[PDB]
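The numbers here are math on the coordinates, done by the rules we state, and not lab data. Counting neighbours? That spans all protein chains shown, and the Cβs are built from the backbone with ideal geometry, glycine included.
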Amino acid sequence: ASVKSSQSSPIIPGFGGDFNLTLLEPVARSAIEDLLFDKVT
Amino acid sequence: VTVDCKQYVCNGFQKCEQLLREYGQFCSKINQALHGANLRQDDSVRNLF
Amino acid sequence: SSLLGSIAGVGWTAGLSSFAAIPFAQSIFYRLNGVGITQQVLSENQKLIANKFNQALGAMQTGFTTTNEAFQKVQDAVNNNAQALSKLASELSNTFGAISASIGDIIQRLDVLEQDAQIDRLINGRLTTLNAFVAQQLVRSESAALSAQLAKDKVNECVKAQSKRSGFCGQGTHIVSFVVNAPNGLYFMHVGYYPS
Amino acid sequence: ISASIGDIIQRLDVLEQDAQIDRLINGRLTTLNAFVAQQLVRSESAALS
Amino acid sequence: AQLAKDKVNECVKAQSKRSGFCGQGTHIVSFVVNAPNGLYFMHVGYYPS
Amino acid sequence: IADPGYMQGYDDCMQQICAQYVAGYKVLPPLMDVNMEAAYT
Amino acid sequence: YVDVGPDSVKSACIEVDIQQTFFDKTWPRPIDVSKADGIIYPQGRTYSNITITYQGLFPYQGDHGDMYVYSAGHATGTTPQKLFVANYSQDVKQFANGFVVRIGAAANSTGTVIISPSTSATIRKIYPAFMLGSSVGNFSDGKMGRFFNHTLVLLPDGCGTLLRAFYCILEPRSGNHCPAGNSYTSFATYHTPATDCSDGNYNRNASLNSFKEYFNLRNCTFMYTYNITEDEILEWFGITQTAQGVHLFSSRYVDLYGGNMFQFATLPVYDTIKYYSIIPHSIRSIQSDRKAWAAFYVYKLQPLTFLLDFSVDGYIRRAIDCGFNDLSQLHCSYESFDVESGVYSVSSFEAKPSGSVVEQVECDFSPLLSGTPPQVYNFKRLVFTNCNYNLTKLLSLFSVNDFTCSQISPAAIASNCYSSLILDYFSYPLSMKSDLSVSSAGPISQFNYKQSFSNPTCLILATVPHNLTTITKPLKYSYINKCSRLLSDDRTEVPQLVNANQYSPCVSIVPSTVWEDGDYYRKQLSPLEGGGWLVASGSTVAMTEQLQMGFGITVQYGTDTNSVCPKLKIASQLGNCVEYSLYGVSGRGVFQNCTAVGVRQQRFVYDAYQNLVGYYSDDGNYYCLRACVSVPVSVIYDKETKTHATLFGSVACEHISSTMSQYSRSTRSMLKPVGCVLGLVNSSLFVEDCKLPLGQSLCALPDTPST
Amino acid sequence: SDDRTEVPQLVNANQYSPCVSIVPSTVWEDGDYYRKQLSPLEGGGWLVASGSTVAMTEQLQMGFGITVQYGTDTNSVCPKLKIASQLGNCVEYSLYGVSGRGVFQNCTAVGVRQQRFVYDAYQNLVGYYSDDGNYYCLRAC
């Protein structure tokens, strides 16, 4: 509740041109988050 | 400071060393725990400077 | 993910939070204009920076294991609470007490009179060590709430705003920072400057 | 009975000797484990500070 | 308590141009009253809506 | 401080704290020589 | 008893040539537990792919063990002659915890024929034979190696196709060259391959028959046979003993190709095995049939904690001897064939006691032997300060019926030195032993005699013989069975309990001997004494043939202390290191002529704790003591290149020696010099600046990269 | 070997006394004593013993000492009296010297297979053996 409050862009596959952001959700637990959930045992 | 258990308890006497061998798990967890404590502290020194 | 949405517009600022929708590229040219105080002629001529930013995030993709703590801190956390839970609960049961086959003299050995004596050893001991586990959960719970209030201090400073301050926002004049949920915690991908 | 070895020779028979010594090891190692918990406490607070 | 001193010197004297700590919104005023064992804050924040 | 011993204080106490005599407990050195912490600051 | 077949009908034994120098070879095959050499699988349960630290009987890493070799005998071109053996029969070993045996390791390689060193041949596996038992000595002609009473014999046979295990009395036979005959050198076993190992017709009794020529087997409780499939594969054999009996282990049946040992027999041998020898075998080949036989190796077992690595299929293919050194310790003290790369502290290295200083003549037990021992409630007290005692002397006069101590043992109470001995003696009947106890609430502890609970105590029941005549008997044994006060209200009764080191308050009214069982005594009290009455009642036990006595000893154990040691240059100055043993206290110290703080008329000086820092006693100077010397060692493991490097804590480049022999624990069995910035390290080299910096980042500032 | 020091030879569990070599199978008379000089290899000095007697009774009186080991393995040893066998594919079992409550399944394939349990680094058994002859790996309740 002290995280969100306001106001998204929203999540579109192009965030920044051209900053390749891995932090996109592919679709729900984005790709870098997938790396640090798969590699953690 | 790290304690060198299995010779803190006991003073170095063989019967008492065998009675430690019964507790050979606990001593390992002691010195394991302190060595972990020193690596966390040492990374606080290193990361600090 | 809505936090990643608010990275660009909220990282502007001009107040937290009553804003905005600005593209992420221009958010890093203003975040980069701010504290890496290179003004507009350098970011105009040139960009690519973009390929250096993406190169930075690329090595941020490849490197997790093993020599890259933070990540060993993450598995120090999962191995911490998994170790405490399962391994301390494996020390708590099987075995502790003086005669400790789960049930002393379970259904198979003597004595019915002394059975309460050895069992009461096992209950005083096993419940006492359980109470040590409860004291431990209060300790790591309170320290987890301290560190969570730190994370709220790292989201409201380093993630929304820039934050014109040193590490906390680790090692260099800070530019962007990203939040992803790690096991039990958050996880930051602070994008800092490095002069060299 | 805690003259640094519980009835090592002297002060009690060897078979019991293990009884008084095992008192001294359970106690002395348990209090050592309290020292290790204390080092974890002041180590964590030292890393906070 | 050192946090409270950090909340009095930041949020109570000055404004403090920072998020929560100075809870939930662009902070405006904050007031201090003595509670049982502690202080107590009445942070007056903005709420856009 | 009654401590420390680094190849002069062990022998110096042997000429006579007991991190090196009970053993027992034992104090490890602090990762950095004093001239070098002095170099940082 | 079991029929083991007929005695030998031979009237002589085969002559035996002992030539130890032909068997003195260096063919090292040390234990390598990395390859799981010498590993008995755990008995209690069995496991899958799991690794673990486990304490059990193991040989130690790098142990070369004892090597044994069997040889072809003397021969002409046509005729086997004298046997040819080593001196193994006279070399009796202590069994201790048992042993494991590496068998056949050199099989298939080329080696010497032993009796003809210039002749080489393909090496074939041969099986060892053992003699084990509880009692040994010499044969009639004085040679060692004779086993007495029932003896366990493990004897392979049938050209290596069976093992025989049997437990018999071994009666030495008296023909020429036999162990109770003339011209005896050594016993041995043999077989004759030309006639015993022909295809399809192996002689399954050849070795047994040869053994029966040297010994008649008598009163055999069992004779078991175990069949062995013929091959040249390396194997391991083990033997231990547990109350059930003697347990035999082999790799053959469960892990033929890998070497792990599993139990295949428990022999009903319940007399503890203390000794064993290797039975020499000689092969009665003719010259053209001579082969080389694989040496075998015996390694003693001891309780050790190993890291055990279990494969998926359950077998152990890699172990670590944790106590081998600090690196292995780290390796282990973690339950992990791999210990992450860093500094790991392993314990001392404490110095050895040398120059055991003893400080203190002859304790006077006189008045005990002369007269009539009083009754328990009038016990006489002998005090002992500053003297030497022969107590086993005193207890050799009497016949002793019971000896129990509290917070000490009877063994210990003879040995140790004490400041303040006290001997209490009195007449006391053996019939009342259950009432003379430190854990007793009978009349004796209540009203007669109570020892201190704060000092270590002993209680002795004895009987004066006849041989002792200066000790006179009284009319009967007497004791107090009631001692109470009647308050001035005439009907509150308050028992008057005896306090330690004191007499009963009723000894003023109870005669030195009670006239008749059940007599009672009374005495009105003065208003100052409290008013009311004092009341007592005496009991009697009939006098015995030989007088029976009670002895109570109390040692300090203080407090005020010193000068009372037993009796029996080096035990004085200048023992300027560990150890001392003062009459007052034990301890291990380094005395120095220090100055000048103390009391100086009683002898010690403490520093706010139990310790003594430490002068007195010498005559008269200041030998101030210190705590023990310990070298606070560590390990610099570096698992990437697997290179350990033992670091000492803070001392010394000058004081250590390589594989230091003045100190106790490496730790523990085996160890394995550059400083001096931090301390001393057993690792080259000197700086070597400057890089990078990173882990594994040792102390003050050696940053120590590898390799 | 000093002719002064007497050291009692205490019997260890599930062994005989070191004095059974010199004490007759029945003591001839109460208080008889036995001696045997020791070889320098045996330690020197002497071995010494003394026997006691109690008068025989009308009916012979005996002593029995029993010692049990819970398996673990072999050879097995239960009292006597499709059921108490497979397929009890849930709780409960009661094996040789070991109790427990488990859900057996035909699993594969890790063990010793010669002695008949398998543990996993603790007191527990995970868990096959004993059935004849298959892999009924057990689980907790």
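Comparison of C:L57, C:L16 shows that the only residue that is surrounded by 12 or more Cβ atoms within 10 Å (Cβ to Cβ), farther than 29 Å from E:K17 by Cβ and within 9 Å of chain A (Cβ to nearest Cβ) is C:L57. Selection of segment G:464-517 for residues being outside any loop (DSSP other than H, G, I, E, B), over 48 Å from the mean Cα position of the chain (by Cα) and surrounded by 14 or more Cβ atoms within 10 Å (Cβ to Cβ) yields G:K482, G:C483, G:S484, G:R485, G:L486. Scanning segment F:14-35 for residues that are surrounded by fewer than 17 Cβ atoms within 10 Å (Cβ to Cβ) and not in a loop (DSSP other than H, G, I, E, B) yields F:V34, F:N35. In this structure, G:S427 qualifies as more than 14 Å from chain D (Cβ to nearest Cβ), crowded, with 20+ Cβ neighbours inside 10 Å and not hydrophobic (A, V, I, L, M, F, W, C). Being away from chain G (no Cβ under 14 Å), of a type outside the set (D, E, K, R) and surrounded by 16 or more Cβ atoms within 10 Å (Cβ to Cβ), is that true of even one residue in segment D:20-30? So far as segment D:20-30 goes, yes, one or more of its residues are away from chain G (no Cβ under 14 Å), of a type outside the set (D, E, K, R) and surrounded by 16 or more Cβ atoms within 10 Å (Cβ to Cβ).
Evaluating C:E91 against the criteria (1) farther than 30 Å from A:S6 by Cα; (2) in contact with a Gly (Cβ under 9 Å, 6 or more places away or on another chain); (3) surrounded by 14 or more Cβ atoms within 10 Å (Cβ to Cβ) leaves one unmet condition, (2). Take F:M7 and decide whether it is more than 12 Å from the chain's Cα centre (by Cα), closer than 19 Å to G:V677 by Cβ and within 7 Å of chain G (Cβ to nearest Cβ). No: the conditions fail for F:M7. For segment C:31-43, the condition holds for no residue, the condition being that it is in contact with a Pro (Cβ under 8 Å, 6 or more places away or on another chain), within 30 Å of E:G45 (Cα to Cα) and in a helix (DSSP H, G or I).
Just checking, does segment C:141-162 include any residue being in a loop (DSSP other than H, G, I, E, B), within 14 Å of chain E (Cβ to nearest Cβ) and either of a type outside the set (S, T, Y) or under 16 Å from the mean Cα position of the chain (by Cα) (or both)?
yes
Answer yes or no: is there a residue in segment G:280-302 that is among the polar types (S, T, N, Q), part of a strand (DSSP E or B) and within 33 Å of the chain's Cα centre (by Cα). Yes. Can G:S439 be described as more than 19 Å from G:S537 (Cβ to Cβ) and of a type outside the set (A, V, I, L, M)? Taking the combined requirement at face value, the residue satisfies it. Among the residues of segment G:227-245, some residue qualifies, meaning at least one is over 33 Å from the mean Cα position of the chain (by Cα), in a loop (DSSP other than H, G, I, E, B), polar (S, T, N, Q) and more than 15 Å from G:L152 (Cβ to Cβ). Inside chain B, can you point out the residues that are under 30 Å from F:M36 (Cβ atoms), out of contact with any strand residue (DSSP E or B) (no Cβ under 8 Å at 6 or more places or on another chain) and hydrophobic (A, V, I, L, M, F, W, C)? Matches in chain B: B:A33, B:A37, B:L39, B:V45, B:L48, B:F49. Is it fair to say G:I553 is surrounded by 13 or more Cβ atoms within 10 Å (Cβ to Cβ) and of a type outside the set (S, T, Y)? It is true that G:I553 is surrounded by 13 or more Cβ atoms within 10 Å (Cβ to Cβ) and of a type outside the set (S, T, Y).
Looking at segment G:246-265 only, could you name the residues that are in a loop (DSSP other than H, G, I, E, B), on the phi < 0 side of the Ramachandran plot and not acidic (D, E)?
Listed by number, the residues that qualify are G:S251, G:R252, G:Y253, G:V254, G:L256, G:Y257, G:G258, G:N260.
Determine if segment G:440-453 includes at least one residue that is in a loop (DSSP other than H, G, I, E, B) and crowded, with 20+ Cβ neighbours inside 10 Å. Taking every residue of segment G:440-453 in turn, at least one turns out to be in a loop (DSSP other than H, G, I, E, B) and crowded, with 20+ Cβ neighbours inside 10 Å.
Taken over segment F:31-41, residues that are of a type outside the set (D, E, K, R) and more than 7 Å from every other protein chain (Cβ to nearest Cβ) amount to 5. Of all residues in segment D:31-43, those that are of a type in the set (A, V, I, L, M) and facing chain B (nearest Cβ under 7 Å) total 3. Determine whether segment G:653-673 contains at least one residue that is assigned to a loop (DSSP other than H, G, I, E, B), in contact with a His (Cβ under 9 Å, 6 or more places away or on another chain) and under 25 Å from G:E350 (Cα atoms). Yes, the conditions are met somewhere in segment G:653-673.
Here is the figure for segment H:95-141: residues that are within 27 Å of C:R109 (Cα to Cα) and either of a type outside the set (A, V, I, L, M) or exposed (fewer than 13 other Cβ atoms within 10 Å of the Cβ) (or both) total 25. Scanning segment G:41-53 for residues that are part of a strand (DSSP E or B) and surrounded by fewer than 24 Cβ atoms within 10 Å (Cβ to Cβ) yields G:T51, G:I52, G:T53. In segment D:7-17, the count of residues that are touching a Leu at 6+ places or on another chain (Cβ under 8 Å) and closer than 21 Å to B:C27 by Cβ is zero. Look at G:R164 and say whether it is buried (at least 22 other Cβ atoms within 10 Å of the Cβ), basic (K, R) and touching a strand residue (DSSP E or B) at 6+ places or on another chain (Cβ under 6 Å). No; evaluated as a whole, the condition is false for this residue. Taken over segment G:15-39, the residue count meeting the criterion of being more than 31 Å from the chain's Cα centre (by Cα) and not in a loop (DSSP other than H, G, I, E, B) is 6. Residue check: is G:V92 under 29 Å from G:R290 (Cβ atoms) and either touching a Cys at 6+ places or on another chain (Cβ under 9 Å) or surrounded by 16 or more Cβ atoms within 10 Å (Cβ to Cβ) (or both)? When the stated conditions are applied, G:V92 does not pass them. Restrict the check to segment G:106-124 and report whether at least one residue is part of a loop (DSSP other than H, G, I, E, B), aliphatic (A, V, I, L, M) and closer than 23 Å to G:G245 by Cβ. Checking segment G:106-124: not a single residue is part of a loop (DSSP other than H, G, I, E, B), aliphatic (A, V, I, L, M) and closer than 23 Å to G:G245 by Cβ. When residues of segment A:1-33 are filtered for being surrounded by 15 or more Cβ atoms within 10 Å (Cβ to Cβ), among the charged types (D, E, K, R) and more than 7 Å from every other protein chain (Cβ to nearest Cβ), how many remain? Count: 0.
Residues in segment G:175-203 that are β-branched (V, I, T) and either touching a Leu at 6+ places or on another chain (Cβ under 6 Å) or surrounded by fewer than 16 Cβ atoms within 10 Å (Cβ to Cβ) (or both): G:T195 alone. Please specify each residue of segment C:90-104 satisfying the condition of being closer than 13 Å to C:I123 by Cβ and within 33 Å of the chain's Cα centre (by Cα). Passing the criteria: C:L92, C:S93. The criterion of at least 3 residues that are of a type in the set (V, I, T) is met by none of the helices (runs of 4 or more DSSP H) falling completely within segment C:48-132.
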